[PDB]
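J.: quick one, structure for this:
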Amino acid sequence: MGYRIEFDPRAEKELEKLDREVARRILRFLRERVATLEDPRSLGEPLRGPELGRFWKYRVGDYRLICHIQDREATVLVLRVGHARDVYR
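T.: Numbers count the residues shown, from 1 in each chain. For reference, the structure is listed below:
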């Protein structure tokens, strides 16, 4: 069993803009760790805020990845991708 790995039209660029090794590390980390992880909510944490809630974030060394978990179709679509500094968390 393994959830789907999707990337929004905005993140795709926000990620590709990052270093080569860094990009491959993220994509793989999700296609390797999360991919095998019986559940996507294992190596990630739910965002915090009165405006936003239903959102899962993953930790990648020094990079924060904001993805959205969809139980309906067990699909993980990345919303935003930026270094810890970039993200508001």
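
J.: max-length helix in this protein?
T.: helix 20-29 (DSSP state H).

J.: contact partners for residue 27?
T.: Contacts for residue 27 were tallied using C-beta atoms under 8 Å, 6 or more residues apart in numbering; they are residue 15. Placement of C-beta: from N, CA and C, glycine included.

J.: from now on call the first residue 60
T.: Taking 60 as the first residue, the last one we looked at is residue 86.

J.: any idea how far it lies from residue 139?
T.: Using C-beta to C-beta, to the nearest Å, residue 86 is found at 15 Å from residue 139.

J.: got it, and residue 115?
T.: Distance, residue 115 to residue 139, using C-beta to C-beta: 12 Å.

J.: how many neighbours does the closest residue to residue 75 other than its chain neighbours have?
T.: Nearest residue to residue 75, sequence neighbours excluded (C-beta to C-beta, 6 or more residues apart in numbering): residue 82, at 6.4 Å. Residues near residue 82, counting by other C-beta atoms under 10 Å, number 15.

J.: isn't residue 82 right up against residue 72?
T.: No - the pair residue 82 / residue 72 is not scored as a contact, 11.2 Å apart, by C-beta atoms under 8 Å.

J.: which positions within the longest helix of the chain qualify as buried?
T.: Using 16 or more other C-beta atoms under 10 Å as the test for burial, helix 79-88 gives 81, 84, 85, 88.

J.: equivalent analysis for stretch 135-147, please.
T.: 135, 137, 138, 139, 140, 141.

J.: my read: the third one touches residue 114, true?
T.: Which is residue 138. Yes - assessed by C-beta under 8 Å, residue 138 is found in contact with residue 114 at 7.0 Å.

J.: anything in contact with each of the two?
T.: Contacts common to residue 138 and residue 114, judged by C-beta under 8 Å, 6+ apart, are 125, 126, 127.
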